[PDB]
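First the structure, in the form of structure tokens, and then the observations on it.
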Ligand SMILES: Cc1ncc(COP(=O)(O)O)c(C=O)c1O
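Residue numbers (PDB author numbering): 2 to 386.
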């Protein structure tokens with residue numbers, strides 16, 4: 002009833018997060034690294050609601066931030082600035098001075114050009130990690146490999162020497178590697194990390210930031226944590242500090258997306274269950290094509306086959322394609338699972354729609370609104386007439 006409870010009180014579309022899941026998954030990540038001197042951080046890009054970030058701070062997580070905006074979410078969540086790690090490929094001098102005024106002291110440098118700007122400021126107390134892109138076996142994980150050869154981030158790991166030649170003597174404490182997202186195989190991590198750890202040992206670095214990217218079960222895949230703890234963690238044990246930057250694995254399962262069915266449109270062979278939010282609420286299915294399982298609150302069955310689509314005047318405004326479902330009726334509620342990451346953070350106002358509400362079901366059972374629903378006036382809040 003709990004999910005319907007929330008829809009009755011707060012309406013739809015509404016993301017609903019469970020504190021219990023957020024704490025258990027964050028504790029699960031820490032436990033994988035038992036034996037390691039870990040500084041766990043949460044990737045704010047996956048979910049920036051400060052109420053959820055406060056829960057993660059209580060669980061011992063710092064924050065991986067990219068923008069001023071992310072840094073403010075951390076501040077709103079009462080995160081101590083010495084547990085913030087700053088990532089980014091477009092750090093401007095203005096941004097650096099701002100981050101320095103906030104006492105951020107851990108920076109994952111993306112390029113030679115960024116490092117030259119840091120020297121012109123020459124801040125004291127800042128620890129730098131150099132983002133590197135290890136070569137990953139092209140014929141096996143072809144998708145992680147070309148991203149780490151063609152994407153705009155970091156420097157090739159083969160060019161680390163060229164970077165250290167120019168910048169030696171700055172407070173460079175280690176390397177940062179982040180190889181991708183939604184990874185459920187352990188081998189890519191073992192391959193990339195063994196190279197980065199080897200490189201770290203040549204320079205004698207005592208810290209390392211191994212990024213994030215752990216995948217979740219969207220349609221049946223699962224990252225084997227036993228295998229990961231057996232194959233990856235031992236290499237990490239030497240370091241005085243290991244930082245990880247986890248987003249999706251922690252927050253995605255904590256969230257559902259609730260949508261009310263407006264009508265069920267039949268067209269011969271096919272059926273379109275039209276709900277009250279689409280790509281303006283959850284963009285993943287139309288931008289990434291990711292698969293989220295769905296279900297109907299209070300109903301089970303397989304008598305209908307349908308696409309679940311949004312109300313927007315756009316062709317790929319689809320939440321779910323070809324799913325078996327019970328006989329859906331207008332007014333039913335569809336719940337989309339694994340909606341807690343890259344969900345609200347990618348919501349928008351396309352077709353002059355309003356952004357969804359967010360609610361938190363606390364461990365004590367209290368249902369708390371943590372993100373009100375945009376009004377129609379909110380859509381035009383910044384128009385200057
Ligand atoms: C540098 C960095 N670290 C960690 C993460 C995210 O990983 P995920 O949410 O897959 O854990 C991101 C995501 O963009 C990132 O860019």
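Ideal placement from N, C-alpha and C gives every residue a C-beta, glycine not left out.
Proximity of residue 66 and residue 80 at Cβ, strictly below 7 Å: No.
Exposed or buried, what is residue 388 when buried is set at 16 or more other beta-carbons lying within 10 Å of its beta-carbon? Residue numbering for the chain in the displayed model covers 2 to 386; residue 388 lies beyond these limits and cannot be assessed.
Compare the C-alpha of residue 336 against each of 384, 298, 129 and name the closest. Closest option to residue 336, Cα to Cα, is 298.
For residue 126, does the three-state DSSP call read helix, strand or coil? The answer is coil: DSSP assigns residue 126 none of H, G, I, E or B.
Just to check, is the beta-carbon of residue 11 closer than 6 Å to a non-hydrogen atom of ligand 1? Checking the Cβ of residue 11 against ligand 1 gives no.
If residue 42 and residue 259 are in contact, beta carbons under 8 Å, what's the gap, nearest whole angstrom? Not really, about 29 Å apart at Cβ, beyond 8 Å.
Using 8 Å as the cut-off, can you tell me whether the stretch 188-196 makes contact with the stretch 129-136, which would need three or more C-beta pairs spanning the two stretches below that distance? The stretch 129-136 and the stretch 188-196 touch, with three or more beta-carbon pairs separated by less than 8 Å.
How many Å lie between residue 62 and residue 124 at the Cα? Taking the straight line joining both Cα atoms gives about 25 Å.
Between which two residues does the alpha helix (DSSP H) harbouring residue 27 extend? Counting along the chain, the alpha helix (DSSP H) containing residue 27 begins and ends at 20-33.
Quick check on the burial criterion: 16 or more other C-beta atoms within 10 angstroms. Buried or exposed for residue 354? Buried: at least 16 other Cβ atoms inside 10 Å.
Apart from the five residues just before and just after residue 271, which ones in its own chain have a Cβ nearer than 8 Å to its Cβ? Residues 306, 307, 308 of the same chain have their beta carbon placed closer than 8 Å to that of residue 271, with the five preceding and five following residues left out of the count.
Are the beta-carbon atoms belonging to residue 230 and residue 33 less than 7 Å from one another? Going by C-beta atoms, residue 230 is nearer than 7 Å to residue 33.
Please name the residue, chosen from 304, 320, 255, that lies closest to residue 277 on a Cα-to-Cα basis. Ranked by Cα distance from residue 277, the options 304, 320, 255 are led by 320.
In terms of alpha-carbon separation, which member of 280, 329, 316, 341 lies closest to residue 263? That would be 329, whose Cα lies nearest to the Cα of residue 263.
Identify whether residue 305 lies in helix, strand or coil by the three-state DSSP scheme. Shown here, residue 305 sits in a strand according to DSSP, grouped into three states.
Measuring straight from C-alpha to C-alpha, what distance separates residue 152 and residue 94? In this structure, the CA atom of residue 152 is about 23 Å from the CA atom of residue 94.
Residue ranges of each beta strand (DSSP E) run of no fewer than 3 residues wholly in the stretch 176-222, ordered along the chain? Whole beta strand (DSSP E) segments, 3+ residues: 208-210.
Looking at ligand 1, does it come within less than 6 Å of residue 249, judged from the CB to the closest heavy atom? For ligand 1, a non-hydrogen atom lies closer than 6 Å to the CB of residue 249.
Here's the rule I'm using: 16 or more other beta-carbon atoms within 10 Å means buried, otherwise exposed. How should residue 190 be labelled? For residue 190, the number of other beta carbons within 10 angstroms of its own is at least 16, and it is reported as buried.
Taking all protein chains shown into account, decide if residue 126 is buried (16 or more other Cβ within 10 angstroms of its Cβ) or exposed. Residue environment for residue 126: exposed (fewer than 16 other C-beta atoms within 10 angstroms of its C-beta).
Three-state secondary structure (DSSP) at residue 271? In the structure shown, residue 271 sits in a strand (DSSP, three-state: E or B).
Here's a check: name, in chain order, each residue in its chain whose Cβ is nearer than 6 Å to the Cβ of residue 51, leaving out the five neighbours to either side. Excluding the 5 residues flanking it on each side, residue 51 has same chain C-beta neighbours closer than 6 Å at 74, 77, 78, in chain order.
Please report the residue range of the alpha helix (DSSP H) in which residue 162 lies. Boundaries of the alpha helix (DSSP H) around residue 162: 161-168.
For residue 43, which residues does DSSP report across the bridge? For residue 43, which the question treats as bridged, DSSP gives the partners 64, 247.
Is it the case that the CB of residue 82 approaches a heavy atom of ligand 1 more closely than 6 Å? Between ligand 1 and the CB of residue 82, the shortest heavy atom gap is not smaller than 6 Å.
What do you get for residue 102, buried or exposed, if any count of 16 or more other CB atoms within 10 angstroms of its CB means buried? Exposed, by the Cβ-count rule.
Are the beta-carbon atoms of residue 252 and residue 8 separated by less than 7 Å? Going by C-beta atoms, residue 252 is not nearer than 7 Å to residue 8.
Please tell me whether, using a cut-off of 6 Å, the distance from the CB of residue 214 to the nearest non-hydrogen atom of ligand 1 is below it. In this structure, residue 214 has its CB closer than 6 Å to one or more heavy atoms of ligand 1.
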